[PDB]
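Below: protein_28.pdb (PDB, N, CA, C and O atoms and all ligand atoms)
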ATOM      1  N   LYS A   1      -5.230   0.710   8.703  1.00  0.00           N
ATOM      2  CA  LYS A   1      -5.408   1.550   7.488  1.00  0.00           C
ATOM      3  C   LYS A   1      -4.088   2.205   7.074  1.00  0.00           C
ATOM      4  O   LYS A   1      -3.715   2.167   5.898  1.00  0.00           O
ATOM      5  N   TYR A   2      -3.383   2.791   8.055  1.00  0.00           N
ATOM      6  CA  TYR A   2      -2.095   3.461   7.819  1.00  0.00           C
ATOM      7  C   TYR A   2      -0.945   2.437   7.757  1.00  0.00           C
ATOM      8  O   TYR A   2      -1.054   1.383   8.390  1.00  0.00           O
ATOM      9  N   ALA A   3       0.181   2.707   6.981  1.00  0.00           N
ATOM     10  CA  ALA A   3       1.336   1.759   6.879  1.00  0.00           C
ATOM     11  C   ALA A   3       0.969   0.502   6.126  1.00  0.00           C
ATOM     12  O   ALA A   3      -0.180   0.056   6.133  1.00  0.00           O
ATOM     13  N   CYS A   4       1.995  -0.080   5.533  1.00  0.00           N
ATOM     14  CA  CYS A   4       1.891  -1.291   4.758  1.00  0.00           C
ATOM     15  C   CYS A   4       1.761  -2.538   5.615  1.00  0.00           C
ATOM     16  O   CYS A   4       2.386  -2.663   6.671  1.00  0.00           O
ATOM     17  N   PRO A   5       0.921  -3.473   5.129  1.00  0.00           N
ATOM     18  CA  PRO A   5       0.619  -4.733   5.815  1.00  0.00           C
ATOM     19  C   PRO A   5       1.511  -5.938   5.470  1.00  0.00           C
ATOM     20  O   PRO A   5       1.567  -6.894   6.249  1.00  0.00           O
ATOM     21  N   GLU A   6       2.200  -5.900   4.320  1.00  0.00           N
ATOM     22  CA  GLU A   6       3.017  -7.075   3.915  1.00  0.00           C
ATOM     23  C   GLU A   6       4.436  -6.718   3.491  1.00  0.00           C
ATOM     24  O   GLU A   6       5.296  -7.603   3.421  1.00  0.00           O
ATOM     25  N   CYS A   7       4.691  -5.440   3.217  1.00  0.00           N
ATOM     26  CA  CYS A   7       6.023  -5.013   2.817  1.00  0.00           C
ATOM     27  C   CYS A   7       6.450  -3.726   3.535  1.00  0.00           C
ATOM     28  O   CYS A   7       5.702  -2.763   3.600  1.00  0.00           O
ATOM     29  N   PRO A   8       7.673  -3.736   4.107  1.00  0.00           N
ATOM     30  CA  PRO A   8       8.298  -2.616   4.860  1.00  0.00           C
ATOM     31  C   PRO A   8       8.191  -1.200   4.241  1.00  0.00           C
ATOM     32  O   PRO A   8       9.036  -0.341   4.526  1.00  0.00           O
ATOM     33  N   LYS A   9       7.163  -0.946   3.414  1.00  0.00           N
ATOM     34  CA  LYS A   9       6.939   0.340   2.842  1.00  0.00           C
ATOM     35  C   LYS A   9       5.861   1.017   3.713  1.00  0.00           C
ATOM     36  O   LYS A   9       4.675   0.744   3.545  1.00  0.00           O
ATOM     37  N   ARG A  10       6.251   1.912   4.664  1.00  0.00           N
ATOM     38  CA  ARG A  10       5.261   2.558   5.567  1.00  0.00           C
ATOM     39  C   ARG A  10       5.393   4.078   5.512  1.00  0.00           C
ATOM     40  O   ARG A  10       6.412   4.660   5.906  1.00  0.00           O
ATOM     41  N   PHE A  11       4.338   4.693   5.046  1.00  0.00           N
ATOM     42  CA  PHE A  11       4.316   6.115   4.776  1.00  0.00           C
ATOM     43  C   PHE A  11       3.443   6.860   5.776  1.00  0.00           C
ATOM     44  O   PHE A  11       3.883   7.119   6.900  1.00  0.00           O
ATOM     45  N   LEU A  12       2.208   7.190   5.377  1.00  0.00           N
ATOM     46  CA  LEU A  12       1.273   7.928   6.226  1.00  0.00           C
ATOM     47  C   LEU A  12      -0.068   8.094   5.514  1.00  0.00           C
ATOM     48  O   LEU A  12      -1.038   8.576   6.108  1.00  0.00           O
ATOM     49  N   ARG A  13      -0.120   7.677   4.241  1.00  0.00           N
ATOM     50  CA  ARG A  13      -1.340   7.777   3.459  1.00  0.00           C
ATOM     51  C   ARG A  13      -1.943   6.396   3.323  1.00  0.00           C
ATOM     52  O   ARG A  13      -1.345   5.499   2.718  1.00  0.00           O
ATOM     53  N   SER A  14      -3.128   6.233   3.903  1.00  0.00           N
ATOM     54  CA  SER A  14      -3.817   4.948   3.898  1.00  0.00           C
ATOM     55  C   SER A  14      -4.531   4.678   2.574  1.00  0.00           C
ATOM     56  O   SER A  14      -4.525   3.545   2.094  1.00  0.00           O
ATOM     57  N   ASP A  15      -5.151   5.718   2.002  1.00  0.00           N
ATOM     58  CA  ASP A  15      -5.843   5.585   0.746  1.00  0.00           C
ATOM     59  C   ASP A  15      -4.106   5.939  -1.072  1.00  0.00           C
ATOM     60  O   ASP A  15      -4.271   4.994  -1.865  1.00  0.00           O
ATOM     61  N   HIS A  16      -2.909   6.489  -0.796  1.00  0.00           N
ATOM     62  CA  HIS A  16      -1.659   6.060  -1.437  1.00  0.00           C
ATOM     63  C   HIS A  16      -1.343   4.592  -1.141  1.00  0.00           C
ATOM     64  O   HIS A  16      -0.801   3.901  -2.001  1.00  0.00           O
ATOM     65  N   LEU A  17      -1.661   4.129   0.084  1.00  0.00           N
ATOM     66  CA  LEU A  17      -1.439   2.735   0.458  1.00  0.00           C
ATOM     67  C   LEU A  17      -2.531   1.825  -0.096  1.00  0.00           C
ATOM     68  O   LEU A  17      -2.253   0.678  -0.402  1.00  0.00           O
ATOM     69  N   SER A  18      -3.776   2.314  -0.163  1.00  0.00           N
ATOM     70  CA  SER A  18      -4.886   1.522  -0.712  1.00  0.00           C
ATOM     71  C   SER A  18      -4.556   1.099  -2.142  1.00  0.00           C
ATOM     72  O   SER A  18      -4.478  -0.097  -2.436  1.00  0.00           O
ATOM     73  N   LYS A  19      -4.303   2.088  -3.007  1.00  0.00           N
ATOM     74  CA  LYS A  19      -3.953   1.814  -4.373  1.00  0.00           C
ATOM     75  C   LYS A  19      -1.455   1.281  -4.312  1.00  0.00           C
ATOM     76  O   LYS A  19      -1.242   0.291  -5.028  1.00  0.00           O
ATOM     77  N   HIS A  20      -0.818   1.503  -3.146  1.00  0.00           N
ATOM     78  CA  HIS A  20       0.287   0.686  -2.665  1.00  0.00           C
ATOM     79  C   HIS A  20      -0.061  -0.806  -2.540  1.00  0.00           C
ATOM     80  O   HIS A  20       0.747  -1.679  -2.862  1.00  0.00           O
ATOM     81  N   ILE A  21      -1.235  -1.083  -2.018  1.00  0.00           N
ATOM     82  CA  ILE A  21      -1.663  -2.442  -1.807  1.00  0.00           C
ATOM     83  C   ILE A  21      -2.595  -2.935  -2.916  1.00  0.00           C
ATOM     84  O   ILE A  21      -2.898  -4.124  -2.986  1.00  0.00           O
ATOM     85  N   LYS A  22      -3.082  -2.003  -3.735  1.00  0.00           N
ATOM     86  CA  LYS A  22      -3.883  -2.338  -4.868  1.00  0.00           C
ATOM     87  C   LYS A  22      -1.854  -2.441  -6.464  1.00  0.00           C
ATOM     88  O   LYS A  22      -1.681  -3.052  -7.534  1.00  0.00           O
ATOM     89  N   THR A  23      -0.884  -2.315  -5.518  1.00  0.00           N
ATOM     90  CA  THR A  23       0.468  -2.846  -5.741  1.00  0.00           C
ATOM     91  C   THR A  23       0.615  -4.207  -5.084  1.00  0.00           C
ATOM     92  O   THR A  23       1.125  -5.141  -5.711  1.00  0.00           O
ATOM     93  N   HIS A  24       0.176  -4.323  -3.821  1.00  0.00           N
ATOM     94  CA  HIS A  24       0.200  -5.620  -3.122  1.00  0.00           C
ATOM     95  C   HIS A  24      -0.698  -6.591  -3.845  1.00  0.00           C
ATOM     96  O   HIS A  24      -0.498  -7.810  -3.856  1.00  0.00           O
ATOM     97  N   UNK A  25      -1.682  -5.975  -4.432  1.00  0.00           N
ATOM     98  CA  UNK A  25      -2.664  -6.599  -5.262  1.00  0.00           C
ATOM     99  C   UNK A  25      -2.719  -6.470  -7.824  1.00  0.00           C
ATOM    100  O   UNK A  25      -3.100  -7.646  -7.892  1.00  0.00           O
ATOM    101  N   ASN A  26      -2.375  -5.732  -8.883  1.00  0.00           N
ATOM    102  CA  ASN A  26      -2.411  -6.258 -10.250  1.00  0.00           C
ATOM    103  C   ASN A  26      -1.032  -6.187 -10.898  1.00  0.00           C
ATOM    104  O   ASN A  26      -0.369  -5.147 -10.850  1.00  0.00           O
ATOM    105  N   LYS A  27      -0.615  -7.305 -11.501  1.00  0.00           N
ATOM    106  CA  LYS A  27       0.686  -7.395 -12.170  1.00  0.00           C
ATOM    107  C   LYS A  27       0.535  -7.976 -13.572  1.00  0.00           C
ATOM    108  O   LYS A  27      -0.240  -8.915 -13.781  1.00  0.00           O
ATOM    109  N   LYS A  28       1.280  -7.408 -14.524  1.00  0.00           N
ATOM    110  CA  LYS A  28       1.244  -7.855 -15.916  1.00  0.00           C
ATOM    111  C   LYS A  28       2.658  -8.158 -16.419  1.00  0.00           C
ATOM    112  O   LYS A  28       3.504  -7.267 -16.521  1.00  0.00           O
TER     113      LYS A  28
HETATM  114 ZN    ZN A 101       3.726  -2.761   0.940  1.00  0.00          ZN
END
Output the file's structure as structure tokens, nothing else.
Ligand SMILES: [Zn+2]
Amino acid sequence: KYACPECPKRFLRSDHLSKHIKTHXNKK
């Protein structure tokens, strides 16, 4: 839950990381 799973961006907020990975996840 904590820290990034695919990119060296590791903080301490799992749910900042949820919507970080919801970055890992929509692009326009
Ligand atoms: Zn990341």
- Residue members of the PyMOL selection byres (((chain A and resi 20-25) around 8) and not hetatm) in the file shown, as a PyMOL selection string: chain A and resi 4-7+9+13-19+26-28
Written selection (N, CA, C and O atoms) as a short mmCIF file (atom, residue, chain, number, x, y, z; two decimals), keeping the file's coordinate frame:
data_model
loop_
_atom_site.label_atom_id
_atom_site.label_comp_id
_atom_site.auth_asym_id
_atom_site.auth_seq_id
_atom_site.Cartn_x
_atom_site.Cartn_y
_atom_site.Cartn_z
N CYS A 4 2.00 -0.08 5.53
CA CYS A 4 1.89 -1.29 4.76
C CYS A 4 1.76 -2.54 5.62
O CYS A 4 2.39 -2.66 6.67
N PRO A 5 0.92 -3.47 5.13
CA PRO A 5 0.62 -4.73 5.82
C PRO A 5 1.51 -5.94 5.47
O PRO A 5 1.57 -6.89 6.25
N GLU A 6 2.20 -5.90 4.32
CA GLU A 6 3.02 -7.08 3.92
C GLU A 6 4.44 -6.72 3.49
O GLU A 6 5.30 -7.60 3.42
N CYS A 7 4.69 -5.44 3.22
CA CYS A 7 6.02 -5.01 2.82
C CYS A 7 6.45 -3.73 3.54
O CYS A 7 5.70 -2.76 3.60
N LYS A 9 7.16 -0.95 3.41
CA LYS A 9 6.94 0.34 2.84
C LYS A 9 5.86 1.02 3.71
O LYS A 9 4.68 0.74 3.54
N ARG A 13 -0.12 7.68 4.24
CA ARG A 13 -1.34 7.78 3.46
C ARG A 13 -1.94 6.40 3.32
O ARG A 13 -1.34 5.50 2.72
N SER A 14 -3.13 6.23 3.90
CA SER A 14 -3.82 4.95 3.90
C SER A 14 -4.53 4.68 2.57
O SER A 14 -4.53 3.54 2.09
N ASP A 15 -5.15 5.72 2.00
CA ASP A 15 -5.84 5.58 0.75
C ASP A 15 -4.11 5.94 -1.07
O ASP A 15 -4.27 4.99 -1.86
N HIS A 16 -2.91 6.49 -0.80
CA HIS A 16 -1.66 6.06 -1.44
C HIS A 16 -1.34 4.59 -1.14
O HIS A 16 -0.80 3.90 -2.00
N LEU A 17 -1.66 4.13 0.08
CA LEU A 17 -1.44 2.74 0.46
C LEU A 17 -2.53 1.82 -0.10
O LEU A 17 -2.25 0.68 -0.40
N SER A 18 -3.78 2.31 -0.16
CA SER A 18 -4.89 1.52 -0.71
C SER A 18 -4.56 1.10 -2.14
O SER A 18 -4.48 -0.10 -2.44
N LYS A 19 -4.30 2.09 -3.01
CA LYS A 19 -3.95 1.81 -4.37
C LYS A 19 -1.46 1.28 -4.31
O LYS A 19 -1.24 0.29 -5.03
N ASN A 26 -2.38 -5.73 -8.88
CA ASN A 26 -2.41 -6.26 -10.25
C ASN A 26 -1.03 -6.19 -10.90
O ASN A 26 -0.37 -5.15 -10.85
N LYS A 27 -0.62 -7.30 -11.50
CA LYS A 27 0.69 -7.40 -12.17
C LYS A 27 0.54 -7.98 -13.57
O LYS A 27 -0.24 -8.91 -13.78
N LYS A 28 1.28 -7.41 -14.52
CA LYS A 28 1.24 -7.86 -15.92
C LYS A 28 2.66 -8.16 -16.42
O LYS A 28 3.50 -7.27 -16.52
#
- Query: Got a sec: who's within 8 Å of residue A:12, counting only C-alpha atoms, leaving out chain neighbours fewer than 2 positions off, as number ranges by chain?
  - Reply: A: 2-3, 10, 14
- Task: Would you list, as a count of residues only, the residues of chain A that end up in alpha helix (DSSP H) under DSSP run on this structure's backbone?
- Result: 12
Using only the atoms of stretch 6-21 of chain A listed in the file, plus 4 Å on each side, state the axis-aligned box centre and edge lengths in Å rounded to one decimal, as JSON.
{"center_x": 1.6, "center_y": 0.5, "center_z": 0.9, "size_x": 22.9, "size_y": 24.2, "size_z": 19.9}
